[PDB]
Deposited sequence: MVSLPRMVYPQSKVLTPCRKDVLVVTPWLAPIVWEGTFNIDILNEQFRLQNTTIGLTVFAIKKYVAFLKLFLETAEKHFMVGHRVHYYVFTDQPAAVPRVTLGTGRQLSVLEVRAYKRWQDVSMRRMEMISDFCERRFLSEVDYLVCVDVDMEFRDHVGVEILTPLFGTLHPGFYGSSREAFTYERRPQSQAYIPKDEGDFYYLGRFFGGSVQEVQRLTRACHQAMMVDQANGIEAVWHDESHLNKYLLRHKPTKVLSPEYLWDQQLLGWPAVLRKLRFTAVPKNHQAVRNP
């Protein structure tokens, strides 16, 4: 709505690709977020003017509560810094949640293990796994109605090699000649509405597979991929946003490693 203020930055070169080594836009015109493709100053202005609030959801059950401290501490240094953030930690051990110091405008809720609550408190929802840590900037450049993240182990793979559910009996089934990318189940999100639609669809699909006595090869991730195949994401995040340096190193194609597995 509101107009952006005067800003000074490099023009942008119509005749110069921002990247010559990677695909920066999908066939359905959704941007693929790589370092160098965005001016964070412009994006920060756009989202702050909207007083955007981002919700970050994580599940920490059983032995996984041990990952919370590093997860939250690093998020405080790299996730949506400058914007309103609301952390939602779902755990079976509320008292085991570390007391992490948060910056201003950021809050955390412990939910022991509602839907409409999200719609009321945040504009976007970012759903990630807790056994990770932020190592670099993860900001508003990822926000959009719906986004998936390229899985680090298959970004350069052909569709036939993707570990999609290949059994026709499963609702998550995807044949060999179908598929755009293999998205990681550990990092996805979008507007509250779109995220609830995705989780709702996947919940029902999994219920169907259950009754039929079948369980997708990679569970939630398998259904996520089926959903995103049929409902194209409005933005796709590159592997910079979901990596594992111990297992994959640090390729030249990745100018930054932002969110990674904890060794």
For this session: Quickly check which stretches of the deposited sequence aren't in the model, judged by C-alpha, and list them in order.
Result: 114-133, 284-292
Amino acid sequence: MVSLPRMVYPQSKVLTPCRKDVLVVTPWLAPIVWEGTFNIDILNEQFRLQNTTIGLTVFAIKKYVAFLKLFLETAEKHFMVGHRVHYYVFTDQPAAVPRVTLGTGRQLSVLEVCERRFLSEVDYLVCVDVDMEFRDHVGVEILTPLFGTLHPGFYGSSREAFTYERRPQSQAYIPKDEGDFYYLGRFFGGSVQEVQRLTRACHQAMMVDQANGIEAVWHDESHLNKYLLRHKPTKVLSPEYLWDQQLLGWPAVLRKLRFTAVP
From here on, numbers count along this sequence of modelled residues.
Exercise. Averaging C-alpha B-factors over each stretch, which comes out higher, 56-64 or 224-232?
Worked result: 56-64
For this session: Between 139-147 and 163-171, name whichever shows the higher mean Cα B factor according to the PDB entry.
Result: 163-171
For this session: Tell me, please, which of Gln210, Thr37, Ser238, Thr26 has the highest C-alpha B factor according to the deposited entry?
Result: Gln210
Exercise. If you check the C-alpha B-factor for each of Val33, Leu43, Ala216, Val195 in the entry, which is highest?
Worked result: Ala216
Exercise. Split the chain's modelled residues into thirds by Cα B-factor; is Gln93 in the lowest, middle or highest one?
Worked result: highest
Seminar exercise, completed: Here the Cα B-factor of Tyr155, set against its chain, lands in the third termed middle
Exercise. Within this chain, which third does the Cα B-factor at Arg116 fall in: lowest, middle or highest?
Worked result: highest
For this session: Name the third of the chain's ranked CA B-factors that contains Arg6, choosing lowest, middle or highest.
Result: highest
Problem set entry | Ranked against its chain, the third holding the CA B-factor of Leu102 | middle
